[PDB]
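These are the residues of each chain, in order.
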Amino acid sequence: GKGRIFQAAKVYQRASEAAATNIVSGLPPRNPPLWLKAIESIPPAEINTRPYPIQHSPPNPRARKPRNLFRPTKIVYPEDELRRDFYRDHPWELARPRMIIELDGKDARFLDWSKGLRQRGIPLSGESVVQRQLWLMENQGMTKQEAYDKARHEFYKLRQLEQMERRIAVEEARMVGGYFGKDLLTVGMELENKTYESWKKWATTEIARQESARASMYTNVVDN
Amino acid sequence: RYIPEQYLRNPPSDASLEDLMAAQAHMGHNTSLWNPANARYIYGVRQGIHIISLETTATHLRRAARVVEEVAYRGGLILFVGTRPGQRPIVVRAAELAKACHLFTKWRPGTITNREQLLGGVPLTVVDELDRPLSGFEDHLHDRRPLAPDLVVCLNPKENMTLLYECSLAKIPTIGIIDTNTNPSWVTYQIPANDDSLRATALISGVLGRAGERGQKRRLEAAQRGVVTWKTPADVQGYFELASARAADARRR
Amino acid sequence: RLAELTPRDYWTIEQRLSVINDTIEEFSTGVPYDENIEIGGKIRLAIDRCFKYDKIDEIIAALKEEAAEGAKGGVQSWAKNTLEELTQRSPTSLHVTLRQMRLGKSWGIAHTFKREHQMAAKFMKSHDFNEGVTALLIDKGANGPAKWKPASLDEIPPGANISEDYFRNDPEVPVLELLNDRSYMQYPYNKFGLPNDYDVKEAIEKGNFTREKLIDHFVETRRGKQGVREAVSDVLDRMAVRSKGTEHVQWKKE
Amino acid sequence: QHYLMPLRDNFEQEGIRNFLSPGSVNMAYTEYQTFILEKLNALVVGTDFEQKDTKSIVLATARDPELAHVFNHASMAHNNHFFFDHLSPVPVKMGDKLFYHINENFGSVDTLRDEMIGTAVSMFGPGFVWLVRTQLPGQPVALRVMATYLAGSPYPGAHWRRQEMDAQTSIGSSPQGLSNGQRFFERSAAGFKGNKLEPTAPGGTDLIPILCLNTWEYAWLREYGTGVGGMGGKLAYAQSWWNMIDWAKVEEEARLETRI
Amino acid sequence: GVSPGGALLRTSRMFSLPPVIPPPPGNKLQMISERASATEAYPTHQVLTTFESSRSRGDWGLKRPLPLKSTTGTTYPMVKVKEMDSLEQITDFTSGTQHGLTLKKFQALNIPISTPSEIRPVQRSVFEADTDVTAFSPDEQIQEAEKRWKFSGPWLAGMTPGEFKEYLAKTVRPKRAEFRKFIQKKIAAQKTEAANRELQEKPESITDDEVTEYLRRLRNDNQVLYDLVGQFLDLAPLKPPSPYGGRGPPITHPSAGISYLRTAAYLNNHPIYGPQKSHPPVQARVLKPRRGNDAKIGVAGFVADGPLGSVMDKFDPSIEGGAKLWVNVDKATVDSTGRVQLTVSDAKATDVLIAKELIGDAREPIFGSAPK
Amino acid sequence: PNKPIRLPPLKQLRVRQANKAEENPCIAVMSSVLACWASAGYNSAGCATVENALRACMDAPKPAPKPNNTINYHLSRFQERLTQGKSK
RNA sequence: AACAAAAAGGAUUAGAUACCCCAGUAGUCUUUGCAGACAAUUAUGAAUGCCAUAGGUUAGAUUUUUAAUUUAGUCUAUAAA
RNA sequence: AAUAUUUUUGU
Ligand SMILES: [K+]
Ligand SMILES: [K+]
Ligand SMILES: [K+]
Ligand SMILES: [Mg+2]
Ligand SMILES: [Mg+2]
Ligand SMILES: [Mg+2]
Ligand SMILES: [Mg+2]
Ligand SMILES: [Mg+2]
Ligand SMILES: [Mg+2]
Ligand SMILES: [Mg+2]
Ligand SMILES: [Mg+2]
């Protein structure tokens, strides 16, 4: 028994009895702690009582002696199957960074998926395609594939314009005397040079080191 | 609609489900590392972790705020304890609002059960209804034994169990943030939430900090009307009786 | 949670209701963010301007003015919908209904049941009840809509006072014997809901709060109950005049 | 999300009496600015610039060759409002200090009047004409005129997109062409390599744009029309603009040192 | 029926994380390294970002705040979370720039992705209503199956002998009953042909005799049979008697969601010189020289074959930073396994010198000084 | 093949010798000298160049001790997390 | 064949039947019987019902066969006890 | 890495 008897839930019951009477028989009990009356009407909650957890999926009806009746179940939605299909068809869509840090939690209040892929507050990513697909598939009664094609093609027409802006925006700026810094292609190559040079130092050092091992195999200390 | 240092400059009076979710107050620990005792606050399982119910976190948080408020309304000494690398600004800010004590380092074992030795030379002071000091208790502040918090608010109960045990051993109420892997029987009022997140702790501390502030306001506002919400503690009460006894001798003699 | 609460035997009923009031407010997930007060502002003002008379003839007359295009109330759509429903109910019940709304403001809780029993006892003999129920529940709307004994309120002449026989207890029907003698004129504990005009009035008449400083006074006393900021603001948008500016606020009735 | 903000003195509902009818100011700011913000919001919908200010985006996305398109909207939404804000409801008398200082840098108010107006028409393109405040570490507060193209930032921190000279009709084989060409290459090479061409004080205090003039097509193409036959047009637009300059605010934003 | 707390989680941002897709397919019967793994062909985890104000605190919207040592200092904040909370009670993460910037490099080349071509270059876009389609109906015959790219059945020539056995026994064998019905629907249509044609100038078809006999007539012509079996299982055509099925269909979208451009038929207008002939060159590394019967070069993070022609002949330790040569990316496509193969073609001389003019590396500037 | 097991609860997760044990270099030169004498001879000339190297080794100053390895400290931080726990 | 109680020799040792060594018969193995004692051990009889988790592992099953559920065993570390 | 001489007693 490595545990200890924690009586944190009975601090009131214990303190209420110790303050009811006085140790010195024949005198009135002294004033109780200042906290005894503050939580007089705020009892603790019931702890350590395993309930039947919420079932997020229909439990196996064929099981006659089911186990894990007090185990929280996995939360699975209809979108999980769509996210896996999309991101697998567009693996490099994961390279596009996406922030999962919420600002105030009120993001699903301005999302009306009957308008289109572009919504307020969230970026155009594989989720917008999934939420748009789920809407058409349910409301418009489209099949998984039909809704997928429609919502998928709207995603491309919006991404194409994004890549065209970067090219034209730069070309347009130089036509009026606008210069920029080092592009990502150049910066990436310079970093490889600094690393390749460090590898060259490691190669020449080990190569020379192996020569000693090859010469140390045979013995020539006599100097014939 | 979100600034990192917003829970300190202006914490909210009450936390909604949107605030708690945005602050990652529902991210439990890995399913493998769980305490089945606190399977009552878990909503499900996702990303390999347990998801704490956003409704259970709000109902327990609103209850603790009512506890921190009343204890401050009755002139109680509160203690906000958060001992983690970045939990110092949070605890100190909460204490300022609630006019309480802070603790952001390792709790020295025995500061409650062995307070006579540890808190020996620390100075005290006697204040009246309106928190203004009283003169004449010089001889009482030399024999009086050190104080103990009337309510502890731990932001990481899993780390410091020596503090929570001294509270249960000394009959002191406690409030803690019970993560999925924390034993819920260590405190009196649990707050199921993610204690590993620095953004969820600042929100809880702000709510509890504002609760104390709102409690101290009522207490002091009632004192101006000649309505004291508390009576002299037993320790100071005994000193009064001895004072009259010594004063009686002067009257006769 | 209500089961975990174990009050002391020496606690007054006021303490018991306060402990349960604070326990219910802990499970509040917040009112909707988009839904606005339905009966508030314009529609709420129209209700007070068209239902203050003691005769249904005047009430409908007032509504006709609101429904008339060009009125300043702005409830043309609502007033029109209200009339379409008032001309589809038994004209006898309307007279009797409005009659007791003015009398019920002085009856006691126990006196109400005794009067309602003698009142509901005479409705069983009436022709409208036995007709409306059969024509709407048993027949399920079949055979057309209900056919009240008086075709419409227009048939009832102004001098008619049909709302006078349903308030005369007969000796045949024994007086209702209640299980106890407890009674009261006003509810003893009915101030746990949102603050209505009565509460806002009491605060204004006992303080020097401003437009914005008065709303905060309620968010504190009510421990930030959900919907207090939206309810108090509405009351201060119908019966609150900015007479002295942002310094203070007064009521419109004066 | 970035949202539109009301104008200075209710120009949206009423508009300047003798400069821009309410219908023109409606299409110039309430409709166009809304269009730019709708595009800007979609670009920074999920980036760090979701809560940053237009100026903060202008300086942050000035040199980035991959965020040039984000700079245009951010720089356009800023310069557009910077122009309408300075407009006054009624004519304002030029301040003594400002009037006296202008004569020291341009000789007379009429000289600066025809310079900015002339520079606008001589550009034959959309952009902005600025009245900059040049103050070096030791030199006095000297003013000058700078003409930016479609979306150019007069701030020193955004020198990467100043866009002063057109590279189509300013770089050729003539003596002036070669000189301009060398500068175009000297800047690009230096900017790319990171070298600083002209030293600048920290905090971007060298240049402080005081006044602006939006010469884009949408601003005046409706009020003053094309301008065939000299009646109206871009020229009249610039001239009429000279009568609604809030010289009081222009003087305040100048912050001229006490030298009188 | 879902509680309000459960409704916010469904729409939360952390719940939107996509599951970890399987890694890029490799050779099943081969050897690999276990104690060390390099960058993958395409990303498998989602790359995350955070506000610069939240990065100074380590807050990335995860279980716990990340350390500031390996998370701050870099320009582009990117990270991949393999496990939000491992058995060590720590968020197992790693820098995501390996794939986050590789996408930005490729998108900086401004080249689309076109369907593979067998060896008259015809660069057809990938996103088109005729080819880029996944939904279909039982009316489309084989002539339309060549356009599709997402099939439900596997590629037979690719599956291993064991993977093929599992398919025949557990996916094909328990379908005879349903397939016999598929034939009946066809036979029902054939009988309607003669009736319709004769009327201008359907029968239920539920009869085991016709179905069983209809299959005996196709034994002599096994070709027409395969077309019927593939339509029931949605198999990728293999024999020409066509849709570039020599190597098999793609395991993903033909573009892999890396570049959504459709055409490269444009001319970047240079400020001074004007419209150029070809696209600007890109400097490429030299890896694994010939002296392997082929040389590898690193073009924007990707590895591709060198141009069909020094730097490619022999290794030169003296060259600082390694051998680097300018080159033009001609064509880019995604093979069956998902790799991004580039058809790197040698670049011209004038283009390189022109690209350096805006950089300051050109020895002699082409403008002004150039006399001829 | 199975994967590495989860170690049982230990008293302390550490390595006996954190920093490698340095071997005296001159001991290796002596072995080469003893090799010449075995094959060539003692009062010979082939061991001249090898005997000189042995004298130069003992004359040279020994290296300085390397900074201790901090492996055992980090092992103690992740013990309870990596293993089943701490036992005592 | 090999190993090896016994018997026998050589050493060690204050003495050495011994431990070590040179050799070595029963016996070990095959077939047919007798014999029934074992730390024949999990120092824990067999069996039924029931009690919260985690990390490995064995033979299967199912599946959105990637990786998670699941039946019957076995083994470590724990909770309540 | 596969190393191994002996060494009793204490009212
Ligand atoms: K032997
Ligand atoms: K036997
Ligand atoms: K097991
Ligand atoms: Mg924790
Ligand atoms: Mg012997
Ligand atoms: Mg045997
Ligand atoms: Mg045995
Ligand atoms: Mg037995
Ligand atoms: Mg076994
Ligand atoms: Mg065990
Ligand atoms: Mg002895």
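Residues numbered from 1 in each chain as written, not as in the entry; some residues may be left out. Chains lettered and ligands numbered in written order. Part of a larger assembly, values for the part shown. Heavy atoms only, no water.

- Under the PDB entry, the name given to chain D is Manganese and iron superoxide dismutase, and the source organism is Neurospora crassa.
- The title given to this PDB entry is "The structure of the mitoribosome from Neurospora crassa with bound tRNA at the P-site".

- Per the PDB entry, the recorded name for chain B is Mito ribosomal protein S2, and the organism is Neurospora crassa.
- Taken verbatim from the UniProt record of chain B, the Subunit comment is "Component of the mitochondrial small ribosomal subunit (mt-SSU). Mature N.crassa 74S mitochondrial ribosomes consist of a small (37S) and a large (54S) subunit. The 37S small subunit contains a 16S ribosomal RNA (16S mt-rRNA) and 32 different proteins. The 54S large subunit contains a 23S rRNA (23S mt-rRNA) and 42 different proteins."
- The heading Sequence similarities in the UniProt record of chain B holds the text "Belongs to the universal ribosomal protein uS2 family." (UniProt positions renumbered as here; feature names shortened; annotations may be inferred.)

### Notes on the protein's contact with RNA strand G
Then step 1. For RNA strand G, the set of nearby residues contains 21 residues, the closest of which are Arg50, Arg67 and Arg71 of chain A, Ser32 of chain B together with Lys3 of chain F.
Then step 2. The contact in question runs from a base oxygen of RNA strand G to an N or O atom on the side chain of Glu81 of chain A, over 3.3 Å.
Then step 3. Of the residues forming the surface near RNA strand G, the biggest block, 3 residues, is contributed by helix α2 (residues 78–89) of chain A.
Then step 4. Residue classes in the surface near RNA strand G are distributed as 5 nonpolar, 4 polar and 12 charged. (Near = heavy atom within 4 Å. Polar contact = N/O pair within 3.5 Å; in protein donor to acceptor, adjacent residues only side chain to side chain. Helix = DSSP H or I, 4+ residues; strand = E, 2+ residues; numbered from the N terminus. Nonpolar A, V, L, I, M, F, W, Y, C, P; charged D, E, K, R; others polar.)

### Focus: the interface of chain A and chain E
Then step 1. At the junction of the two partners, chain A supplies 55 residues and chain E supplies 81 residues.
Then step 2. Taken together, chain A and chain E are joined by 5 salt bridges.
Then step 3. One salt bridge connects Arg13 of chain E with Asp107 of chain A, and the closest N-O pair in it is separated by 3.5 Å.
Then step 4. Run the count over chain A and chain E and you get 29 residue pairs in polar contact.
Then step 5. Counting residues per element, the side of chain A that touches chain E draws most heavily on helix α4 (residues 144–174) of chain A, at 17 residues.
Then step 6. Of the residues in the side of chain A that touches chain E, the class split is 25 nonpolar, 8 polar and 22 charged. (Contact = heavy atoms within 4.5 Å. Salt bridge = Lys/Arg side-chain N within 4 Å of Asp/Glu carboxyl O.)

### Quick notes on the pattern of salt bridges
Then step 1. Following the criterion strictly, the structure yields 81 salt bridges over all chains and no others.
Then step 2. Among the ionic pairs, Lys63 of chain E bridges to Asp196 of chain B, the shortest N-O distance being 3.3 Å. One end of the pair, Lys63 of chain E, is in the loop between α2 (52–55) and β1 (80–83); the other, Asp196 of chain B, is in the loop between β8 (189–190) and α8 (198–223), on a second chain.
Then step 3. Assessed through its relative accessible area of 15%, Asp196 of chain B is described here as buried.
Then step 4. One salt bridge connects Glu202 of chain C with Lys206 of chain C, and the closest N-O pair in it is separated by 2.9 Å.
Then step 5. A relative accessible area of 63% means that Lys206 of chain C is categorised as exposed.
Then step 6. Bridged by salt links that share partners, the residues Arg84, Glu159, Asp179, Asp195 and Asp196 of chain B together with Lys63, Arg64 and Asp85 of chain E form one connected network. (Buried < 20%, exposed > 50% of the residue type's maximum accessible area, 1.4 Å probe, protein only.)

### Topic: the arrangement of the chains
Then step 1. Among 11 pairs of chains with at least one contact, chains A and E form the most extensive contact set.
Then step 2. Where chain C comes nearest to chain D, the C-alpha atoms are still 19 Å apart, and the two do not contact one another.
Then step 3. What separates chain B from chain F at the closest point of their C-alpha atoms is a distance of 10 Å, and the two make no contact.

### Regarding unusual backbone geometry
Then step 1. The phi torsion at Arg223 of chain C lies on the positive side, around 55°, for a residue other than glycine.
Then step 2. For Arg223 of chain C, the position within the fold is in the loop between α9 (211–221) and α10 (228–235).
Then step 3. With relative accessibility at 28%, the residue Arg223 of chain C sits in the partly exposed group.
Then step 4. A positive phi is found at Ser205 of chain E, a non-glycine position, where the angle reads about 65°.
Then step 5. Note that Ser205 of chain E resides in the loop between α6 (176–200) and α7 (208–216).
Then step 6. You can call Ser205 of chain E buried: its relative accessible area is 7%.

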